[PDB]
Protein chains: 2
Amino acid sequence: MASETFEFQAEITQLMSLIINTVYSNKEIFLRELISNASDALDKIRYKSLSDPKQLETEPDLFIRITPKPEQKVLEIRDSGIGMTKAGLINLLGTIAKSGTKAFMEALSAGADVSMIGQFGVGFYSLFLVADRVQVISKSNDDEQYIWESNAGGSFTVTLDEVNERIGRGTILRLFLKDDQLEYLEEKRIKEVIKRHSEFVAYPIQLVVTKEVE
Amino acid sequence: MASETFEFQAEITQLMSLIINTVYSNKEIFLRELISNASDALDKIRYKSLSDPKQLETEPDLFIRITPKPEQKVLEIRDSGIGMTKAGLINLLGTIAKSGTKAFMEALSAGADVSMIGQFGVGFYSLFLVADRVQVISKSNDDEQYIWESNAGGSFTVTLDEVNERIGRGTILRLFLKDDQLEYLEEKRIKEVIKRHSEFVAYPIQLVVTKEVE
Ligand SMILES: COC1=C2C[C@H](C)C[C@H](OC)[C@H](O)[C@@H](C)/C=C(\C)[C@H](OC(N)=O)[C@@H](OC)/C=C\C=C(/C)C(=O)NC(=CC1=O)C2=O
Ligand SMILES: COC1=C2C[C@H](C)C[C@H](OC)[C@H](O)[C@@H](C)/C=C(\C)[C@H](OC(N)=O)[C@@H](OC)/C=C\C=C(/C)C(=O)NC(=CC1=O)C2=O
């Protein structure tokens with residue numbers, strides 16, 4: 001339906017500017033970050049299901065799933081983790097000041113490698129190394145499916161989802177890749193980054209490949 | 001939103017009963033039929049674009065795409081063809097009597113092989129050889145995305161689509177496969193049926209495969 005618009009916390013806008021603009025080099029670590037967040041969301045739903053097992057029923061399979069959509073120059077990273085509510089997307093992804101946002105920027109400007117970003121708890125923002133636009137589509141058991149959207153600019157939108165496949169539970173990171181970074185649409189490149197930086201993951205990592213029949 | 005319910009034309013209910021119940025044997029021809037309908041829908045949008053090229057812009061790529069979803073025991077056949085309107089789904093897929101429906105039943109009962117079903121213009125109904133439920137999800141340039149749904153019973157539903165991925169234009173056949181017929185979730189089996197009965201197709205046939213990264 002209609003979209004609500006929210007302004008970014010000053011520093012989060014700052015951080016997004018550093019990342020999408022400068023940085024360079026170790027760009028491929030965005031995938032380790034997103035997979036690690038997916039893994040954390042999966043840990044969370046699974047831990048919650050220990051004392052409330054009905055939670056797993058909206059989507060009984062625990063997985064991480066990567067889907068290149070070359071036509072749209074899009075890369076999606078999906079998990080059937082715990083998902084986020086409207087309130088969650090609004091507060092934790094923009095309006096409330098992340099503790100480590102300022103400290104990481106200072107660390108960065110002082111010599112720190114971007115790959116450290118995850119230890120400051122703002123690794124989600126690494127996605128702007130390779131993308132200039134993101135939709136975070138999420139479904140918690142405690143709320144409806146919503147779309148959060150940001151182009152790195154000063155504000156983001158949150159919209160009730162009536163346009164995307166129903167996920168039973170969890171989250172899709174829909175990355176609109178930059179033109180210089182289309183290599184992350186390639187199967188071999190994807191397997192390679194995964195093997196190098198994400199060897200220790202408790203959940204299956206699926207790769208969706210589209211092949212033409214001969 | 002809310003669902004409108006429609007009764008099937010008597011004979012179409014008859015036909016669906018023959019097919020989902022008896023038949024046996026050459027079940028795999030359902031795929032030749034669906035691919036051929038997809039090809040016809042693609043011919044139609046392409047022919048229409050000859051004198052109105054803006055038509056292709058809702059989805060500039062012409063393709064047929066097969067997606068097994070083993071978790072849900074579902075097989076989807078998609079095309080970016082001309083799609084159908086609400087009016088279309090209601091009239092041509094149920095309420096108005098198909099010319100060849102009765103003649104095919106007589107041919108069938110007289111010895112005719114099911115594979116003939118396409119020459120009687122009711123091949124769409126072959127899908128009930130392998131499925132006991134279908135959603136036909138379609139998007140014409142002249143209307144909104146709708147879901148038509150039937151379980152072979154006497155009536156079907158038509159619903160405004162707010163729950164599925166937006167297709168830009170065209171149609172998805174979402175088959176809920178029977179338990180005896182899960183083989184059509186398998187990549188090798190799919191390639192094999194395609195090669196045997198659908199060698200001459202003017203459009204790319206894509207197969208979406210989900211593989212676990214090691
Ligand atoms: C330790 O928890 C983590 C925190 C606190 C974070 C807000 C907790 C969050 O709300 C309470 C849920 O507990 C958790 C299930 C949601 C995810 C992991 C999402 O990812 C998904 N579901 O796949 C992630 O991205 C869409 C959301 C924001 C991530 C931030 C801004 C970041 O930069 N790094 C972080 C990574 C983390 O693991 C981070 O700050
Ligand atoms: C020659 O046109 C065909 C006819 C007339 C048919 C109603 C024409 C239709 O409306 C006017 C559109 O022109 C056409 C674009 C839509 C499709 C081919 C759909 O398939 C898709 N889009 O992928 C198909 O199935 C969802 C719709 C009903 C098919 C029937 C009941 C059948 O059993 N066989 C038929 C196969 C055909 O090719 C048939 O009767």
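Naming convention: chains lettered A, B, ... in sequence-line order (proteins, then strands); numbering from 1 in each chain.
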Original post:
chain B contacts: which residues in residues 63-72 of chain A have a non-hydrogen atom closer than 4.5 Å to it?
Top reply: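 When heavy atoms of chain B are the reference, residues 63-72 of chain A contributes A/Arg65, A/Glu71 within the under-4.5 Å range.
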Subject >> Exercise: identify the closest heavy-atom pair between B/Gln206 and A/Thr210 >> reply: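 Minimum heavy-atom contact is CB-CG2, 3.8 Å.
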**OP:** Quick one: pull up CD in A/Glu165 and CD in B/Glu165 and give me the separation to the nearest 0.5 Å.
**Re:**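 If I round to the nearest 0.5 Å, the distance is 6.5 Å.
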Original post:
Nearest 0.5 Å, what's the CG-CD distance between A/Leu207 and B/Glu212?
Top reply: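 Reported value, rounded in 0.5 Å steps: 11.0 Å.
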Subject >> Atom group of B/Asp61 that falls short of 4.5 Å from chain A, counting heavy atoms >> reply: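 Only the side chain of B/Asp61 comes within 4.5 Å of chain A.
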Original post:
Where on B/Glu199 is there a heavy atom nearer than 4.5 Å to chain A: the side chain, the backbone, both, or neither?
Top reply: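 Contact with chain A involves no heavy atom of B/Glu199 at all.
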Subject >> Contact class of A/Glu214 relative to chain B, heavy atoms under 4.5 angstrom >> reply: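 Contact with chain B involves the backbone of A/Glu214 alone.
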